[PDB]
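Labels A, B, C, D, E and F are assigned to the chains in the order they are written; within every chain, residues are numbered from 1.
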Amino acid sequence: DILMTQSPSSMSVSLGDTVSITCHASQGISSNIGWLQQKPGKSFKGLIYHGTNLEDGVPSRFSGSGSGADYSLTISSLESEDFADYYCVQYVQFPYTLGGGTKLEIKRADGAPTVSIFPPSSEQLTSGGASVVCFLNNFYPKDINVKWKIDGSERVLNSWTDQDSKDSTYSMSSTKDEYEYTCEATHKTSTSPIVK
Amino acid sequence: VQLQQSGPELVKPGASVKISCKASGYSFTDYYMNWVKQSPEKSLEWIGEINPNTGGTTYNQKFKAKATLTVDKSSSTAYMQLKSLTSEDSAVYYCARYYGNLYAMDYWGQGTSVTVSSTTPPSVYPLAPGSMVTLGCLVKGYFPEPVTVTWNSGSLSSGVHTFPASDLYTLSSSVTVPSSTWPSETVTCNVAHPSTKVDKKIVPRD
Amino acid sequence: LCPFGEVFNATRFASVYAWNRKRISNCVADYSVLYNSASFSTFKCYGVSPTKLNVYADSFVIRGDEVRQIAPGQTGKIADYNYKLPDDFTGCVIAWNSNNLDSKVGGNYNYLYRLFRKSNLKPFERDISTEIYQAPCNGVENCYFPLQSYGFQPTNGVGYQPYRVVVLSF
Amino acid sequence: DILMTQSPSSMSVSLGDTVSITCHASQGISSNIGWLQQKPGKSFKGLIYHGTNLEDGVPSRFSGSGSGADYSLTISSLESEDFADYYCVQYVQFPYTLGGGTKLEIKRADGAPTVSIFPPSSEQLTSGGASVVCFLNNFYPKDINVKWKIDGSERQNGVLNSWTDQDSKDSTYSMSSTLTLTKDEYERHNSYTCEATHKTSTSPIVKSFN
Amino acid sequence: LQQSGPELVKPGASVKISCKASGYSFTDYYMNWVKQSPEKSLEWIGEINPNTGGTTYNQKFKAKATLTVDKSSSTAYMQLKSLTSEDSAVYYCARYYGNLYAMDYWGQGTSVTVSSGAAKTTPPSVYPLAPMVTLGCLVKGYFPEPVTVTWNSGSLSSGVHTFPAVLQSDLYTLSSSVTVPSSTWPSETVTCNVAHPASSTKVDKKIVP
Amino acid sequence: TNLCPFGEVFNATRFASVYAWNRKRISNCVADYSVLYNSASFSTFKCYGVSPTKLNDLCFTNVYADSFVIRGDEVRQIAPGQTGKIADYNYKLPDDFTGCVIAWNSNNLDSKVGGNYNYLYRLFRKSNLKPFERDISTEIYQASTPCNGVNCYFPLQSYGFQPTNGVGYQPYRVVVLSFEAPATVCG
């Protein structure tokens, strides 16, 4: 097989910018490389074929460059609908390697999670179970650590959301005989572990 | 021209499943049909490629024992059948449109969700706290997906964070509303499970 | 050793309508030197893995937008009237851009392709008929020459530049 | 009357920021100043009363400061739902005078108008009218000037412009300019030019047709 | 905090505006009224006290506005006398508690637009605008506002710029831009759809090169 | 042409309790009212039937100056048509009032550490006060059994003025000017 190593894994870019994603094959592929785009939650779209040639639609903002084993997809004056995923596929030889994948994100100026603690309900206990919820809303970026503390001792299912496109930030949620209570969180924003 | 694909199926391990992708809007006769697997683990794998003019297959040696990529020109469709279907290879599957050498896959189909893991009504519980208070709605122990969670009659939409889901599913939703809206006025979490419809008004622990 | 140099590095290539065939026999081959040369744009193998293969060599020239037609089960002027591959083909298709060798200012017209034919070719058949196509012509130009020459200029777009193709059959 | 002069008229601020709007009365009002906000498409809301006091159901990000005749509204770690208009009101004496107003917008980079030519339609002419449209889509910032040129000659009369109100999701502005004339005079000229001056280009490349 | 719906009235006419305060005791809160003009200015109409309350106006309006309340219906009214020139603006009812306080809750409910003296309801005259290419749809000479302008029945929504109307010679002018790829058009049909409730008009115009 | 004695009303070292609000009659004097509403020292300055910048070019017979102290959250009550303990039981303005209500924060003069208890207000009464009425009753408030002068409460309650109080509990000085034969006060 051919090896495609496209870089970077992800990057946070502002609007109106010009970005370039690189793609590097383990051998020359003589410009038989295509570029694909997938919007969030939606399907894929072919943008570039045979190195520098453009697909149907495909505004002038997009372009391709490179040769040998090094190639580049370029966007200039980045538009709103460009924060998505992009891939470099190769068709020079079976099997199609398709490369690893690059993500685009909006660069924001940090954030502060509105972490709220949530003791268990009564009906949950009547059924028998016991679960304590810890919501952490509207923070940036994705990397963050959360710990639980039962009477001081560090002891759970975590779920993340993607960028709420309005505020451009993330959010996370962390969840009887044993039950009969602390949410230690650590974020880049605070040197000290804000907790509820 | 933007294609179409089979609906999602809920299958058990060891079972064969067939997936459809119907070509309309262009000349189906002169386009290779590729298939691609995208998963949380090892995302965007290449299933393979077929020529519809003859039905010859050139699937890559990877797996290659679990998929068969037959096509039918008359109905203008391409099929992919998954045979092995282990528990871990649950993913979304795509049918692409290849034109030939010195070209790329241009048009893609919306995509099918396949889950091979081994009916449960939701367990809905309000989440009350102990200027802008956050309330919650916890949906524990339901099967299968999906569930729809709304607040009131769809009124409260801003400031809502509904997070994604032991062979059972766990879901939670948070809504941050000002200390004057709650508990002064009722907030009712509405949960629908396609034949369950439940309404939980949020009451403080005290 | 197998005489792969005289096939791939031949100074002149044949027209697609008159594609050349060289038989390779009684030789030891190192196919690595091919897939590590990095000089090729297309390299599709069928029913065999090139990484593990370690022989007829058909060569000709076409235009870029016709390279897609050099595959089993394809249609179009090249596949129907010039060079046709069988469905059970078990070989490889190697192509590379030759604009620097086969184009010139004013056009290189030594390369011809068949434009019209009464019926599709059979797999691996060659047709060098030059009889006027009846669209009676009495051997004089609704009467057309069957072959048309490629206008290969270096300033041409990539889809109209010359591409050299080598088909290996086992 | 008392005169409220709040500054600045507008400012472009990024998310997560901390901003302060100034407000200046013609005389000391001993902290009897209130603060108002208007979101796009939604009503007003009192945030601050009696200078420094914050109302019920209003986030902690807001605060007030000042004394005498100089006062300031302050926001820290700005969130998405704060891009709106703000006003300072005085209640020290009749009549209650209001300030001028400060608006907040998302700090974006520059942009390039998609300025188009758009010659007049046929049905417009069959009815009798003649109007040449010049669309200028997706540019930033508000400061832009447009002129029309009939074969080089500046024609101020006969121009109708329409502006767009919000950056919205696209985070950008847009404009439309129509040189609408009468048929008898439209059928006498050859060149028709839409010279748009923006900060991006020192010389304003124009769009024209014959 | 509900208010009367927007009305479009012609000069020489008196209009009255209602504001029903809900969620609290309407009886012991001053009710202010405020005008918002399009010069980025907010003028003070005045103030009324319910439950035995005198009214105090701004001198600019002491001759133009009349303020009333009804404790039983728990509402406050403001009537505008005569036609307010071509000066149509938006009007609000506020909620004052007293000195050392501010206006807390506001109603945007009512918009006041005064029609021109010589008025006739007229359906729009719509013309396509032909030259990622930008296309246009020009909606000229309609009355009154508003006139919905969509593309392919709401299909095309991204890259769409429907510009606000403008009052010229007592009629309205609107224009819309749609940015569709140079490969989609003229390949796929573009139809600007314009709806005018006043004349009950629905028109669709396809753009052809 | 002897000037009006506004210094002795506004700059008095001690003010009266609201239940015993003071009245000073102003007569035979020329006034320059600008110096009051342009002094910028005031938090409230509400005039009724007269403009602050248009009150200097008018003549009245006499001017009554009623002065007292209240808490911040009670300044709203010094207006025509208002209710509450101050307006119902302490100081009530008529509906046809044609004067001005001037108020300013007095934390620096009437509060002290340990509390200033010299300022009192009436908490209970059998009925609402009439316009401009003064009640100096010291009768036990009867909330069925007679109180015999000893459900029986002291009618007046003292203000707990501490410098650390919030602004709504800080002291505010209030002056109510009422305007009313030949005219002797002019500008």
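The criterion applied here is as follows: a residue touches a chain if its C-beta (ideal position, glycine included) is under 8 Å from a C-beta of that chain, and two chains touch if they have at least 3 such contacts.
Think of each touching pair as a link: the shortest run of links from chain B to chain D has 1 of them. When chain centres are set by their Cα atoms, the one at the greatest distance from chain C is F. Averaged C-alpha coordinates put the centre of chain D at 18 Å from the centre of chain E.
The distance from the centre of chain E to the centre of chain F, with each centre set as the mean of the Cα atoms, comes to 46 Å. Centre to centre, using the average C-alpha position, chain A and chain D are separated by 34 Å. Centre to centre, using the average C-alpha position, chain A and chain F are separated by 66 Å. Counting only residues that touch two or more partner chains, chain C has 41-42, 44. Among the residues of chain A, those touching two or more other chains are numbered 32, 50, 56, 91, 94, 138. Annotation for chain B: residues touching 2 or more other chains are 58, 61, 101-103, 132.
A list of each chain pair in contact follows: A-B, A-C, A-D, A-E, B-C, B-D, D-E, D-F, E-F. The touching residues of chain A, when paired with chain C in their complex, are 1, 27-32, 50, 53, 68-69, 91-94. By the touch rule above, chain A contacts chain B in their complex via residues 32, 34-36, 42-46, 48-50, 55-56, 87, 89, 91, 94-98, 101, 114, 116-121, 123-124, 127, 129, 131, 133, 135, 137-138, 157, 159-161, 164, 171-173, 175.
Listing the residues of chain E that touch chain F in their complex gives 28, 49, 51-54, 56, 59, 97-101.
Residue ranges of chain B in contact with chain D, taken from their complex: 131-132, 158, 178-181. Contact residues of chain D toward chain B in the complex are 56-60, 81.
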